[PDB]
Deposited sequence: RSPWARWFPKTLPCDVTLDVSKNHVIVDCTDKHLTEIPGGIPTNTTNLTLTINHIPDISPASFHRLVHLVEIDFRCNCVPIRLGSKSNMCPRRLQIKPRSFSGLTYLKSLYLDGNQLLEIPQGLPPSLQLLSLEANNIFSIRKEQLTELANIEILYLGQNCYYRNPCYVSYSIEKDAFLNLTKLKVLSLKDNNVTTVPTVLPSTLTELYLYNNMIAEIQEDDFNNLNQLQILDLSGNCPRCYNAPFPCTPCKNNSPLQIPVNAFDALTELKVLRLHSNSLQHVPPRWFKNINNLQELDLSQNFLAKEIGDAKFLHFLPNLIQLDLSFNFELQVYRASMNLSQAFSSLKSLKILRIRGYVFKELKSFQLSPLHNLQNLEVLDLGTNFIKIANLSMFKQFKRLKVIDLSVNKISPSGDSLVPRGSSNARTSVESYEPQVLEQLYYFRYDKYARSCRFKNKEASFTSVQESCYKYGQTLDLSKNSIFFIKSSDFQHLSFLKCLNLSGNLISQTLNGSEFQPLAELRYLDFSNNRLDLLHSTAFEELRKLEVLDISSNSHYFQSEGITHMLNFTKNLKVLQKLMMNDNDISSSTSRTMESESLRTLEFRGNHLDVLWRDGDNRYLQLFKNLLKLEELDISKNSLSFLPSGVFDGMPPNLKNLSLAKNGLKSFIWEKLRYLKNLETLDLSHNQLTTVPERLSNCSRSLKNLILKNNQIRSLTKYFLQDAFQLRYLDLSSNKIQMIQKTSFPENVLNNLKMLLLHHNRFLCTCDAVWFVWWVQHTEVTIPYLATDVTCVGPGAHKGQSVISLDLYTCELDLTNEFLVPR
């Protein structure tokens, strides 16, 4: 169907609309730029290869290049692979870029460049050189960047990439860059705010450096600036998960009361981890459009009880005061000043790590009339006592986050403590008001705990110590709850009435409640689903279920059931019939996940026991060694069948005879060593076939008739054991000229033999000697 196979080990994409021809050679194990990149090419990406040099030959004919992404061909030793270290830094010849008169972006991050490449074209707007070894910026070396708008110079001198000296910036070095809009000098061992900066700046990033003092003429001319980040200068180093040296005498970063007076257009000010003990109100008189303020990881515990500066922040949308506890203090309560009530625009308020024992309703009084307050995040505070009913006054909020506390009767997992949360590399909220009580110490629950909280749409009890026999009496106020996360508890299904009070329950997660399922003789009423008339999705993963008092689960509403990580192999012990219909009366079940169930075989009758409308069935990761494909005829609405990561050695003789409906067949990571002679014959609804990571040596046209292959949206065959003899002539030819999508022709569709062709990719194979 193609006259000319593409040998090029890169994805080539066309945007005729944006007149962009995108060549992506990310991570293709290249040691030189490939030959034959399309002449018209605009976007060329070579990230994560081992190309040792750039020279005028490199970009060649590619005079239409508007972006070169040549990152991480020589990553700093502590940041890159230690099994494939880069031996000598990237070498950039003179004259390598001067010819590309249209070049608008040059990414050279992570190549151990010692100096800024020069001879760059006047079209250049973005220059990225993060994670190199450039720690002296001289103004003459920036002449070439007259038109530059975004300059990334960070991470050239920090603990993961040390330069052992201070960062040096010549006076006024960036001033004649009259179009510079974003300047990043983060993670650089900078000692002073470089002056004078061009007034064009909208974004200035100076965080995680060694700046101890702000002079007040540092930001005199930054009247266009919108983002200022001074975080991590004089860091608060307690439990730092990276090497951290605070400023001497525990000094804060010193910012004169008026250093921000020119920042008329400042929208976000990040002063995270500056060891601040006060926030002088005078900082903020001339910014009255500030919307985002980060004051986390300082020493502002008492300042939180005062905070006169809040009165000057009426347009503030986000305010972060997390981790300001003073070391070794366990406050009894939270003293929030009334000044918080003047934060009329406030949508996001986060105060993690204040560390106090009791939260009572009055201490949140300053927030009672913040009419757009959407998120109150009080996590990681070791609160032991809280009347949950106090949150009736916050029916308005979208998320009340008490995660990680000690109560008893989405941000990254390393977020507040990560060194550079913005470092570049080479959930039930949608249902409505959410109260997150996850990772707490609630050992018992009763309906009263939730009085005056009827409005809740999603409730998170994940990771508590709830080990009680739910009989439908524990959650009665929560008449609108649609989502209950009950995972990582010890649910005791003694009563088939568990959870039935939640009459609008749509999603129930009782995954990882294996405690009681792991001990013999305990009763488990699995048919409790009969009572949740609205339930749509039930997750009971990793429960170790191997016995059930009830022989059938019943639901008229349930569409998806996650039953992964249990012991259906024991429930379906060969000879025991009693549970072969456990799922039959889930009448609108469309998706069943029973991967990870040790099902080395499926008893006869499992398929007949499946509910009538099943579309998507996962039997992955079961150690399946045999499979009676013919019993798929019982699965009359089956469209996706996932047999990945098993021990299957054969495919059916006639897939067409096993199902008239199957669309997506996933057979990756099995032991298949060859296909049956007429495998796919007349399988006209087959659309997706993953056979990757098997042991296939040959594929003849008998098994892959082209009138079924050619309607495949995708066809995965990488990581097999292909034998590229003259007997393979049709498969090699078909792989070379098909329009069907086959991922990884470059890196993993390969001959294992014979000898001559070993490790050679099938797409590059010349089999002319088979035709003499």
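What residue ranges of the deposited sequence are absent from the coordinates? No coordinates exist for the deposited residues in 1 to 4, 414 to 436, 454 to 467, 814 to 823, so these stretches are absent from the model.
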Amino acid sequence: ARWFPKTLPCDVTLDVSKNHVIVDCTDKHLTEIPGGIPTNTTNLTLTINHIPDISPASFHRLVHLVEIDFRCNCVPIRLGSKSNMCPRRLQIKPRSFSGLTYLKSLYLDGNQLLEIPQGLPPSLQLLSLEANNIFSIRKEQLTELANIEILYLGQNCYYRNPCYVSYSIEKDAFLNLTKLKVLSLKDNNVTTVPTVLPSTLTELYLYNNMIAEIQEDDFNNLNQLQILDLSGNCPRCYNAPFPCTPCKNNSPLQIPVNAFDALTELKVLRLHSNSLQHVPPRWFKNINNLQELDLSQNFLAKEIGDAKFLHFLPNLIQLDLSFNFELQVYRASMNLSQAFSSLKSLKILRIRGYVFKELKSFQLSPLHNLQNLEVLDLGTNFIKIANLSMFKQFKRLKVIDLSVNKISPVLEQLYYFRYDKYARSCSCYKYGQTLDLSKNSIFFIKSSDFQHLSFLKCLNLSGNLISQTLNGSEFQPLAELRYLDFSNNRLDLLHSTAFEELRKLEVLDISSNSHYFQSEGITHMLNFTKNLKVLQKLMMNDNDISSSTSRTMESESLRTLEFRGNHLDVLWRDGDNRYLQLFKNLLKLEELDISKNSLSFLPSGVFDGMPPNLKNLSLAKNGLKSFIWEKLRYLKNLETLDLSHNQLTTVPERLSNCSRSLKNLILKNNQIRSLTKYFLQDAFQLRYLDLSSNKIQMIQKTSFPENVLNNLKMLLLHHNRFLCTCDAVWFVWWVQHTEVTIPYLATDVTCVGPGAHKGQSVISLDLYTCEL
From here on, numbers count along this sequence of modelled residues.
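Average Cα temperature factor in the PDB entry - higher stretch of 619 to 627, 396 to 404: Result: 396 to 404.
May I ask you to compare 717 to 725 and 62 to 70 by their mean CA B factor in the entry and name the higher one? Between 717 to 725 and 62 to 70, it is 62 to 70.
Residue, from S487, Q363, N669, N585, that the PDB entry assigns the highest Cα B-factor: That would be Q363.
For the CA B factor values reported in this entry, which option in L508, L411, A131, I594 has the top one? Across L508, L411, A131, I594, the entry lists the biggest C-alpha B-factor for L411.
Within this chain, which third does the Cα B-factor at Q760 fall in: lowest, middle or highest? Lowest third.
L14 CA temperature factor, ranked by third within the chain: It belongs to the highest third of the chain when residues are ordered by C-alpha B-factor.
Modelled-residue ranking by C-alpha temperature factor, third containing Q736: Its C-alpha B-factor belongs to the middle third of this chain's values.
Sorting the chain's modelled residues by C-alpha B-factor, tell me whether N49 ends up in the lowest, middle or highest third. For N49, the deposited C-alpha B-factor lands in the lowest third.
Using the B-factor values recorded in the entry, state whether the Cα atom of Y330 falls in the lowest, middle or highest third among the modelled residues of its chain. Highest third, going by the recorded CA B-factors of the chain.
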